[PDB]
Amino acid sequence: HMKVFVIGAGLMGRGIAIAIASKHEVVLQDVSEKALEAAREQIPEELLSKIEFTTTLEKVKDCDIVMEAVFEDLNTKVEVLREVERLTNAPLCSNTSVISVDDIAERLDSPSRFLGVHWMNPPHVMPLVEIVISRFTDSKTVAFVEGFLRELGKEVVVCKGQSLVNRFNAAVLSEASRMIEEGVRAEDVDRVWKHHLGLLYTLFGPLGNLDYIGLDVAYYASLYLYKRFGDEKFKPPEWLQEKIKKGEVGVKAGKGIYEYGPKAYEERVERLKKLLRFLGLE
């Protein structure tokens, strides 16, 4: 059982404190006592015995990890982090939506133990947490924070410099924007996800899904699309071509991006049928 200092009693700070208090003690700090009171009344009653609410920083030196979730502004984050870094040598973790971790890190005195920890909303519900490292972050700090988050029951992905989730959301939104400008209804953009792509990417991911499509199929299909249209997004990737030269063409060969057993196709359909039934889309 560790003690975690959480800076900022807004929605995200409050949620992080709830997620952590399941297993650890928390100190939740905010300069506003009104924010602390509002937070307290939103926290499950059983967890209140594990959370100290405060306006000051004296408990920072007693904590094993600091999580910062203040306003999304470079100078504000730098200011709070520079204050806390003098009080402790613990890992310092900014919940940063889009502010660059490298831009923050380069303004700290001791950036080797600073990194980004990107929680999803609500932090205590959603399983994914991304660790976003700067060029300064050391390996020990990553492994410590990764272990902490994993032991909390989170699914952890470590990213360099930028969030992978933000990257994928922007790539999808950029394409959706093209469709919107072309005249595609928003509802239809969403329906191709809600009734198809979201299901496949949920169960298999986009790369796992590719194995079932067939890596050979995908390379020649994307290549045709590139030669026909020829949007950059269709351009056939180099990593894919090494796979096809190896005969690692997917589920049909028992190996593509991943390795498969004989019942893979049958299991795919079983899992999709189950998800469709659950969602009421059967």
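One-based numbering along the sequence shown.
Take the C-alpha B-factors listed in the entry for 90 to 98 and for 106 to 114, compute each mean, and give the stretch with the larger one.
-> Mean C-alpha B-factor is greater for 90 to 98.
Could you say whether, by C-alpha temperature factor, residue 263 belongs to the lowest, middle or highest third of its chain?
-> Tercile = highest for this residue's CA B-factor.
Looking at the C-alpha B-factor of residue 79, is it in the lowest, middle or highest third of its chain?
-> Middle third by C-alpha B-factor.
If you rank the chain by CA B-factor, which third does residue 271 end up in: lowest, middle or highest?
-> For residue 271, the deposited C-alpha B-factor lands in the middle third.
Relative C-alpha B-factor of residue 158, binned into the chain's lowest, middle or highest third = According to the entry, residue 158 has a C-alpha B-factor in the chain's lowest third.
Based on the entry's values, in what third of the chain does the Cα temperature factor of residue 212 lie: lowest, middle or highest?
-> Residue 212: CA B-factor falls in the middle third of its chain.
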